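In the numbering used here, the protein residues as written are 303 to 1886. All remarks here apply to the structure that follows.
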């Protein structure tokens, strides 16, 4: 019942309208007129105090009133006639309220359409209801418009705020008119509406709130530009998805479909207008600027109109207007960007190639580039302005699937390279734009393919090869966009794009090679789609990468960065008796070709000009320098040679060492970091096939790096100062080097069955040389790189260095298991040095290292009972004892070897010598050292230390003081190098000329007075200290001497002369002193405890004398000579025989050698003087008579100085023997070939310059091939030359090994040797194995007790010494002195003697020998030679004088000579004149007086020598003349010496009063008065 039921529903609606409160906004959620709360925030706490619950309640009240008004839409359209005045009041209320809330009016308008969709009325009924509603709305709108027009006409124009006060009702009416779709559709209302809009919208573009309308949007397409601006302003305020889907249905989707129909191609069935298409696309873009991807897929993609926006655009691609086409392309790019899925699947019916073909076929494509070239149509891409085709291609490639990218790319070629852009109808700017678009598309595709991780052998390589073939055909197009001259107007920066494309292609090829190598190594499946001519691919790029090309810096850097990728690629070694698979062989061939191409590229890079190469080498990225290091360490021989040549060119050097040093001094931190990274990468090679032969290049590179960084003089670490980052880099380098050494040893441990004897020797010996260098120069480099001051911090730095070495200590110990003798010695020396220093470094060895040491060196009982090294080690018992001493368990050493000897560290004595200033002025040292008793043996072997060590310090200070004042040298000047402090010492290195080296006599172990003052000889205020010499090599041609100078802290460290030079002069030599000190410190374990270090001297024992006459008969001995020997000869220990020198001590020594042979037949003949050694050698070797009657002799070797010696014994020097044997056992063509190759290369360089500008393809190819071949040949030749230069070390090592072997083999044939204490001071004896149980010491009275112990180092058991208490502080009195004074009974001093005149020997016996030395037998008859046969020329003529200038004395000597030549006439005194004086000035005056008064020819007639240096030497006419008293030792004991040395003529000269200091002179005068023992007076009258 429409009437009745509608009236009931209208009664309900009238209750809901009037009965419900109308004061509140009925159609809006507003509480009142001033209620402007955030009604849009019902979920949030509304500003009206309505929280989420209460704001949702306000929204629900609004929605419930809206549902009431929805059911009451029928009430509003009921009509008054049906409902009387009810619908009239409803219309009045609608006019009052619906025209009051703008949002309510918009909602009602939008819901009327929803209500119409929900209206169940017939089409006529629905039309009638809509017509009635529209009639009411139009009546209201017309009344409002009339009121507004009247107000505008009367009151004139008013601003929006003013117009609000004028008629807010008119403002609301206009707002409704802004959404009055039917009124707008009414043609009659168009005039008044247009007039009102022009009167209103002309002022400003109204920024109304609450949604938007499409009327102004259509006016944007229409002529109305004011409403166009209004629409633009309204639409430009929304963000993505800012519009509700309800609004989308209300005004967006419906109007969008309406516009699509207005442009529906199927409905149009023809081409559309250009302006229409442009406006439609522009509106779509403006709307979609605030769209959402969710609104795209779920609403836009779901907007199902014919056709859908995707298919609609697929059809509308036929829009053939130029600017419209550009806008359409931009809109398509934007749409693809919004959702790639939408573009791809919404157009899934269209293949991408079909879409590309449709797009590229644009009619306006040609002209568009002309405008695109202009700035306005220059598409703002990134920071530049390129064609919009680039944006379209980038969007397409970005949104396309990876598998779908390939074929489209080929089609993109048709668009850009093959068909469309390749057409000749393109203008210059047009062709440039097309080429730029194609290049951009190719670059985008390459970049997308780059980010891939893994794939099988698909068609990506095929696409790369197609690009390479195109850009090879487009070598012109592509490679000359790359080679385009910049600055062109048509240029669009395509040069950079082409360069980046080349770089990306190289990187992709490298990644493909890496993937293929990994798959081949892993035997994983791989397809067989395409094969890449990587050699040819790079060759195509090589033509553009040719030298001298513009912009080559970026291309070269890119090529190097790309080649850095193959840094881990390793050539797959084919198996034995197996053919590599087709894939494997293809991979090998491709790798070889790629390596050759990379080498050619590196050669061309080095071919860049020195300025160009230098500028390029300063890359801020530094990755090129990392690739340079990789090439320097590349395992391919050709790659190695190319990298060496490139590095030499870059650093501008001649040899690899110089280039390394220059690089270290230049870019130490970056080069070090890159080298560490490269070493880490290369070392990561799998241990199954890690570098076996290739590690040799790695080892050589590491050795070069060490010799560059930590060299003595040119060492960058030594010369320069480290930085914190540099410190970290150096630590990383040391750790990497030690880890590499460890890996090399461990790999050798496994490949001992795979290491060839020569190759194993080379590798192991190089490892051992690196270890020697480290434990010696990286000890120095460690001091240079100490963490901080203090033993703790420096030892911490050293322990950090040793940590990789401590881990490698297990490998080092395992290496001791080897068998090569030279390797054995090297391993033993490395173990001793490095390990003992590490133990001294206080850092305990690893528990694994200690266990391995125990299980391979410690004496444990084997299963068979062998108490030896638990793992076999053939090292000698001495070497094994040393290895045990490394652990430092002397108890274990005794219990293992001794059942219960080497050189000790000289650093103690060296530091003592260096700190103890010889120039100081302390007679008593600050320690207050003094002599004392020895008891013939200090009461402990350790008491020797505990007491004689202070005595040793006293003796060392005395020796230093004594040598201090004996310079007698020529001062010299030296240039210093650096002042680096290590262990309170420093290094002084200089390349002194060979003349300077010969003059100064500089050699290792010498002490030199390093000074800066002029004449510090008398100038204590000058700078002067002492310095020791370490080692003197030859740098190139001068002598590079590095002296281990003392850096105690004198006032010359601040005068640290990098090159400022000083005045360095040699002082003395401490080699013999060093040997003496080492022997004194070391002999505390000698078997002479009971003889030298427990309580007493050696014991004596008597025997029978039956064979004394037998010895006399067999060896010209005597019972008196035997009686003392009766105590010494049979007994053992250390025995001495006392007696005057005239008792035949030399003849008795020869007889003693004969008697020792009678008792024996290595006999060590220790002597204190070299001349006496030569005399003994003559007497013993020259006269050989064993107990057989023949010349049977023990092989005699004189291990003594032969330079200052007669040449007669020079045949037994054993050093001339060594040199002769080596000589008997014992490139230029390479240098000539290198010169010829360098000349040919220089000549080709002129041809290179000629053909470089030829620009002919065949000529360019031939010239490039010739240049590359020349570069390869030059690299090979230079590598061969450098290898020949390096071979000097190997040749020297082999020669040294052969020399040591020859020396050992020759010493093996030796049976007896004669030498001195310093003779054993040569370190070679330690490496020599000799046996000695008997020793013969000559002239014990002429040696220091300290050196006396050295002769016992050979473990002798029987020893015989020759020393008389006569003929001689007290710090070096004697060892036999203790034996005699302390135990006179235990001594055997002969009383009876021979070979002297009783008259002559009476004075020596009585005054000096205490009458014990019984004179000779019948020297008037036994020695009845002229001496006794000439009565007047008596052998003992007793005369005396009665100032040492003293024309009396000197002229008396002259007169004695004139009587020997005039009174007597035929006396020759060739070494027979006993002219001995106690003063050197007197000796010189005597020589001058002879040469003047007696004639210069008489200077050789008489021997003029000092008594002290006349030992052994014999003279017949002993005309002695003492000078004066020195003090009972050089005066009275020298007098006893003279009474023993001088034998025949008592022609004394002196004065009794002046010689009263010597009571022996008074005794001689008294005996002259008694038995004519002298005769005073003036003999000048007697000679007349």
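Here a beta-carbon is modelled for each residue, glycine too, at the ideal position from N, C-alpha and C.
Proximity to residue i [Cα-Cα], best of the options
i            : options                 : result
residue 1043 : 1051, 1063 and 1069     : 1069
residue 1483 : 784, 1030 and 1512      : 1512
residue 907  : 886, 870 and 844        : 844
residue 930  : 993, 859, 1774 and 386  : 859
residue 268  : 1449, 1434 and 516      : With the chain running from 303 to 1886 in the structure shown, residue 268 is simply not present.
residue 864  : 903, 1846 and 1871      : 903
residue 1684 : 1671, 1667 and 1269     : 1667
residue 1805 : 1794, 1819 and 1795     : 1819
residue 1644 : 320, 1121, 710 and 1468 : 1468
residue 490  : 440, 1311 and 1446      : 440
residue 639  : 593, 332 and 665        : 593
Beta strand (DSSP E) segment containing residue i, residue limits
i            : result
residue 1326 : 1326-1330
residue 1365 : 1365-1371
residue 1310 : 1308-1313
residue 683  : 681-683
residue 697  : Premise fails: residue 697 lies in the alpha helix (DSSP H), 690-701, not in any beta strand (DSSP E).
residue 1345 : 1341-1348
residue 1468 : 1465-1468
Which of helix, strand or coil DSSP assigns to residue i
i            : result
residue 1293 : strand
residue 1756 : helix
residue 1580 : helix
residue 1616 : strand
residue 1056 : coil
residue 1435 : strand
residue 1849 : strand
residue 588  : helix
residue 1171 : strand
residue 1287 : strand
Residue i: CB within 6 Å of a non-hydrogen atom of the ligand NAD
i           : result
residue 964 : For the structure depicted, the ligand NAD is absent and the ligand set is empty, with no information on it obtainable.
Boundaries (first-last residue) of the alpha helix (DSSP H) holding residue i
i            : result
residue 1422 : 1421-1430
residue 398  : 387-399
residue 953  : 939-953
residue 1110 : 1093-1117
residue 657  : 654-662
Residues near residue i by beta carbon distance below 7 Å, same chain, minus five either side
i            : result
residue 625  : 580
residue 718  : 736, 739, 740 and 743
residue 1018 : 963, 966, 967, 970, 1010 and 1011
Spatial neighbours of residue i in its chain, beta-carbon cut-off 6 Å, leaving aside the 5 residues before and after
i            : result
residue 1100 : 1084 and 1143
residue 530  : 521 and 522
residue 1838 : 1668 and 1710
Contacts around residue i, its chain only, beta-carbon distance under 8 Å, and the 5 residues preceding and following it disregarded
i           : result
residue 393 : 378, 382 and 438
Interface flag, residue i vs chain C, CB-CB below 7 Å
i            : result
residue 1725 : Here chain C cannot be found, since the structure has a single protein chain.
Query raised in the report: Using 8 Å as the Cβ pair cut-off and three pairs as the minimum, do the segment 958-967 and the segment 891-906 touch?
Result: no
**Report entry** the segment 880-899 in contact with the segment 944-958 per 3-pair CB rule at 8 Å
**Finding:** Result no; under three Cβ-Cβ pairs closer than 8 Å.
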